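Engineer: Have a look at this one.
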C-alpha cells in the first residue's frame, strides 16, 4: 500500500484481547501507539505510578509493511474510548468479520482501522493528539539491581488476584524469601476489611 | 361516481403484495394519502402538499419533503368499474391511512386463516355526515364483514395542483441494486441497515463513484470518529421568496453524492426488502430517488411502479 505503515491480519482475537487488557487502565484516557519494523506496541500510564506495554509482533500479522525511511519508529496518541466504541459496534457481527487492517501515514494523518468482510468493508479514522511530555521510559526496571525474580504459572496468579479483589483488598505486600534445600516462599499479604 | 372494485389475494399474489406494501408505506410516511382512480390505473400518493397533510406543517418544522408515488395497473383488481366525467375518467379522493391499513390488516388475517373470499369496495353517501363520502368495504369470512372509511373528494383545480416531482434525468446517476431474491440480497440488505447500529446518527452521506463498474459508499461524520461503509460486491449501473438551492461543485465528473436523513434510508430499506427490482438514482447535492419496479407479462403488461423522492437533508 501507499501508506507508511500498513499491517493486515485475519485473526480478530489479538485486537480485542489487547483492548481488553488495556481497559483496566481507564476507559476514557490516552493510549500511545509505537510502530516499528519489529511490530506495534500499545502503551498506557496511570498517575505516573504504573505503566503497561503490550506488543504485537510482526508474525501475528499476515502482512506487515513499514516503509518509513527518515525515522526508524513512529509515535502517535489516540483516545481509548473512541477505539473501544468503534470496535464494539463494528464487532457486533464477530462471526462474519474476516480481515482486519491497521494503517498510518505519518504525523498529521489519522490512524485507520478497516474491518473487511466478504462484501462489506468498514473504515474508521481516529484523530491523533500530541504526546504528553511525560516519558513512558522513565518508569523502567533497573536491570543491574534486581532485588528478586520469580516465575509463576498464569492460572495460579490469576486465582490469587481474583481472591484479593473479591475480599476488597486495599494494601498488598509481595513477600519473597529463599532458603537452602530448594526452599522458596512467595506470598501475597493483603490488608483489607477482613484484616 | 361509481368506483366498484374487487380485490382478490389468491390470484396474482404479487399484485396483492404490491398493494399491501404501498398502503403500508403511505401509512408509515404520513397520516393521510391521496387516491386517484383513473380509467387505466390507480395512483396512491403521499405528499406534504395534500390538504390534510399541509395542516401538520411538517415541511417547516421537521423537513418532511419526501414524496411517495405508487401506480397500480387496473389488472390488479378483478373488476375495475371507474366511470367519471373528468379527464380520462379520473376521480380524486383524500383518505386516512390508519383506517385503510387496519381494514387491510384484518383482511390479511382472514386470508391467512384460510378464507378465499373477495373484497368489494364502493363509494357511498353516508347520511350520518368538498363533501365527505364513505368507502364501503365488504368481504366474507368463513359472515359478511363490512367496514366503512370516511373519504373526501377533490376538485379538478385541487387535483391538478398535486404533481409528481420531475428530476433532471441527464444530470442523474442511476445504479441497479442487486436483487433481494439473489445470493447478494442479504448482504445488501445488511449493508443498507448497517447505519442503524448507531443510534445518534441522524444524517447519512451517500456517494457513488465509477470504478461491476461502480461503487457505493455510506459516510457518517456525526460521531467522534469518521465512519465509511463500502459495498465491494457486484453492482450494475443503468445507462414569492423561492430561490434555487445552491449546488456544490462536483469533485469529479464520475462521482455523485447526496446527504439524506436516516428515516428516509429506513424507508428505502423497507422498499428494497419489499420489491425485487430496485434502482437508486442520485442527483448530486440535489436528491435521491428509490424506484421499485414489478414486472408482469402475458403483449407485456403494465409495470408496477413505486417511486420515492427524497430531498437533500443538508448541503454539500
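Chains as they are written, first to last, in PDB author numbering: chain F, 7 to 201; chain H, 1 to 129, 151 to 163, 201 to 269, 277 to 304, 390 to 448, 457 to 474. All residues carry an ideal CB built from backbone N, CA and C; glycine is no exception.
#1: Alpha carbon to alpha carbon, what distance is there between residue 168 of chain F and residue 174 of chain F?
#2: Check whether chain H comes within 8 angstroms of residue 192 of chain F, counting only Cβ atoms and requiring the distance to be less than that.
#3: Along the chain, where does the beta strand (DSSP E) containing residue 173 of chain F start, and where does it finish?
#4: DSSP three-state label for residue 94 of chain H, please.
#5: Measure how close the beta-carbons of residue 76 of chain H and residue 217 of chain H come, nearest whole angstrom, since I'm counting them as under 8 angstroms.
#6: Is the beta carbon of residue 437 of chain H within less than 7 angstroms of some heavy atom of the ligand ATP?
#7: Using the rule of at least 16 other Cβ atoms within 10 Å of the residue's Cβ for burial, across every protein chain shown, is residue 263 of chain H buried or exposed?
#8: Out of H:63, H:408 and H:8, which one is the CA nearest neighbour of residue 112 of chain H?
#9: Rounded to a whole number of angstroms, what is the C-alpha to C-alpha distance between residue 114 of chain H and residue 203 of chain H?
#10: Could you tell me whether the Cβ of residue 256 of chain H comes closer than 8 angstroms to any Cβ of chain F?
#11: From F:28, F:180, F:38 and F:14, pick the residue whose C-alpha is nearest to that of residue 138 of chain F; which is it?
#12: Just the Cα atoms here: how many angstroms apart are residue 466 of chain H and residue 440 of chain H?
#13: Any C-beta of chain A within less than 8 angstroms: which residues of the segment 131–145 of chain F qualify?
#14: Count the C-beta pairs between the segment 53–70 of chain H and the segment 38–45 of chain H that are closer than 8 angstroms, then say yes if the count reaches three, no if not.
#15: Should residue 431 of chain H go down as buried or exposed, given a rule of 16 or more other Cβ atoms within 10 Å for buried?
#16: With a cut-off of 8 angstroms, does the C-beta of residue 125 of chain F fall near any C-beta of chain H?
#17: Nearest to residue 103 of chain F by CA position, among H:464, H:302, H:245 and H:120, is which residue?
#18: According to DSSP, simplified to helix, strand and coil, what is residue 439 of chain H?
#19: When the cut-off is 8 angstroms and only beta carbons count, does residue 4 of chain F lie next to chain H?
#20: Closer than 8 angstroms by beta-carbon distance: list the chain H residues that pair up with residue 161 of chain F, in chain order.
#21: Could you give the distance in angstroms between the alpha-carbon of residue 280 of chain H and the alpha-carbon of residue 265 of chain H?
#22: Residue 190 of chain F lies in the beta strand (DSSP E); which residues open and close that run?
#23: Compare the C-alpha of residue 92 of chain F against each of F:133, F:190, F:160 and F:50 and name the closest.
#24: Would you verify that the beta carbon of residue 64 of chain F is, or is not, closer than 8 angstroms to some beta carbon of chain H?
#25: So, helix, strand or coil for residue 225 of chain H, using DSSP?
#26: Assign residue 92 of chain H to one of two classes, buried (16 or more other C-beta atoms within 10 Å of its C-beta) or exposed (fewer than that).
#27: Does the beta carbon of residue 95 of chain F come closer than 8 angstroms to any beta carbon on chain H?
#28: Between which two residues does the alpha helix (DSSP H) holding residue 295 of chain H run?
#29: Residue 250 of chain H touches chain F at which residues, Cβ-Cβ below 7 angstroms?
#30: Give a yes or no on whether the C-beta atoms belonging to residue 277 of chain H and residue 300 of chain H are separated by under 8 angstroms.
#31: Are the C-beta of residue 245 of chain H and some C-beta of chain F separated by less than 8 angstroms?
#32: What's the C-alpha gap between residue 89 of chain F and residue 176 of chain F?
#33: Applying the criterion that 16 or more other CB atoms from any shown protein chain within 10 Å of the CB defines a buried residue, is residue 30 of chain F buried or exposed?
#34: Taking 8 angstroms as the threshold (beta carbon to beta carbon), is residue 292 of chain H in contact with chain F?
#35: If you drop the 5 nearest sequence neighbours on each side, which residues of the same chain put their C-beta closer than 8 angstroms to that of residue 259 of chain H?
#36: Taking CB distances under 8 angstroms as the criterion, tell me whether residue 128 of chain F reaches chain H.
Structural biologist: The answer reads as follows:
#1: 10 angstroms
#2: no
#3: Element bounds for residue 173 of chain F: n/a, residue is neither H nor E.
#4: strand
#5: Their Cβ separation, rounded to whole angstroms, is 22 angstroms, which puts residue 76 of chain H and residue 217 of chain H out of contact at 8 angstroms.
#6: Looking for the ligand ATP in the displayed structure turns up nothing, as the structure carries no ligands at all.
#7: buried
#8: H:8
#9: 16 angstroms
#10: yes
#11: F:38
#12: 5 angstroms
#13: In summary, chain A is missing from the structure at hand, where the protein chains are F and H.
#14: yes
#15: buried
#16: yes
#17: H:245
#18: strand
#19: With chain F covering only 7 through 201, there is no way to say anything about residue 4 of chain F.
#20: Correct list: empty, because the minimum Cβ distance to chain H is about 37 angstroms.
#21: 8 angstroms
#22: 190–197
#23: F:133
#24: no
#25: coil
#26: buried
#27: yes
#28: Careful: residue 295 of chain H lies outside any alpha helix (DSSP H), inside the beta strand (DSSP E) at 291–296.
#29: Neighbours of residue 250 of chain H on chain F: none; closest Cβ ~10 angstroms, over 7 angstroms.
#30: yes
#31: yes
#32: 31 angstroms
#33: exposed
#34: yes
#35: 253, 285, 287, 288 and 412
#36: yes
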